[PDB]
């Protein structure tokens, strides 16, 4: 029946592989960085971790997954493997905004700007007011290199998370738990990735104008 989470798996494949697994009082964080592709690592590491903590997937109370913004190939691998994990048992899914996760993974507080380079001369980016929780000063969108500078002045660049983004797996687990407690979880067949990719079609279809 209805109880509070004990066993929580969350990963984010939006850049580097980030896996968090809480089991009771025990939280394990694992990250991988190297030449190997996500499809070569993520499933093996997930299996080993679960095995070592004497945990089966059906014993999971929620699974968190990063939904972007991030690298298409990475996101696809992560989300797809999660679908494979939960689909047999309809285990609830916490959709995690990779940029928010990035912001929350920063020790400090205040005003934070997160950016990832797209195609030459463009950048994904968002700005966040971060204290107790975290509040969006501008939602993740695509901008040019010039338009990025507009944002760095228009808001306070107190912390600037650019290009190489640290994600704390602990934060993934914590956010997954939060969404679960707020009844904001979803089914595995309801996942809607943040594809900002799609915005460059319209913004570069003309020139430097959109209104």
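Positions refer to the first chain, counted from 1.
- Note on 6-14 vs 192-200: mean CA B-factor is higher in 192-200.
- Higher mean CA temperature factor, per the PDB entry, when comparing 159-167 with 36-44: 159-167.
- For the set 151, 179, 49, 63, the PDB entry assigns the largest Cα B-factor to 151.
- The entry assigns its greatest Cα B factor, within the set 76, 132, 116, 104, to 132.
- When the modelled residues of the chain are ordered by C-alpha B-factor, residue 89 sits in the lowest third.
- Per the deposited record, the Cα B-factor of residue 143 falls in the highest third when ranked against the other modelled residues of its chain.
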